């Protein structure tokens, strides 16, 4: 009776995974374990297949759509969501829930200085001097299909001078400190606001939506009928603006994801 909760290696996945674990134990007698440092959605998916985790705390619609399901990058939020839901159900009997209420999308990000200096408002504005720029990206974007670099190139019609892959958590100082001209940040990271960075408009709508949801096998839900009510408490409850604050509590204020989770659940009375 130990529910195994997967967290991807993002602050966000850790906060949400602890929130799920605590809400489970508060409402139930099921205990819980966290399985951290899953490198990606593929790692998260494989582990669910093998039964190493019972719950993905965080999955993102555009990410599994273009990799796990091998589909085209659907550009509409609603349609892209319905497609992963019906496909996860049809293919695996896994329930991809409705969103928590937030989108966590790749976002081209620069300092306000650099954008005045280079006159940048949109991702197409980068084209003009692109080969002069250094771009910071995560370990996994350059090789991704459909929504990765290969696809960025054939949509936007240019490449950056040099691309630097690094742990996502480092792209926020690297851009503030002039070490990169641009980075491919994640929009729910709270350091974008905290460092007064600028998100460039994705003017060609290259990126799919990345609405965030928990995923749990039906097999696991039927086995523990009191689980879905728990998870249901969180659905539609965390907007982007809230998830940016929560993330910042860990990345900026250096609090444990467990403490951030506890404090959020306490503020909302554990949603009863």
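Basically, rigid core = biggest C-alpha set you can superpose within 1.5 Å across the two forms. Numbering follows the first chain given and starts at 1.
Of 82-90 and 106-114, the stretch whose C-alpha atoms sit farther from the shown form in 4 other deposited structures of this protein, after fitting on the rigid core, is 106-114.
Relative to the displayed structure, the C-alphas of 199-207 lie farther away on average in 4 other deposited structures of this protein than those of the other candidate, with 233-241 and 199-207 compared after rigid core superposition. In this entry, the higher average B-factor at the C-alpha atoms falls on 153-161, of the pair 153-161 and 67-75.
As the entry records it, the average C-alpha temperature factor is higher for 116-124, out of 86-94 and 116-124. For the set 81, 200, 185, 175, the PDB entry puts the maximum C-alpha B factor at 175.
Of the candidates 101, 169, 146, 190, the one whose C-alpha carries the top B factor in the deposited record is 169. Among all modelled residues in this chain, the alpha-carbon of residue 5 has a temperature factor (C-alpha) in the middle third. In the PDB entry, residue 232 places in the middle third of its chain by CA B-factor. In the deposited entry, the Cα temperature factor of residue 37 places it in the middle third of its chain's modelled residues.
Ranked by C-alpha B-factor against the other modelled residues of its chain, residue 263 falls in the middle third. In this PDB entry, residue 243 carries a Cα temperature factor that places it within the lowest third of its chain's modelled residues.
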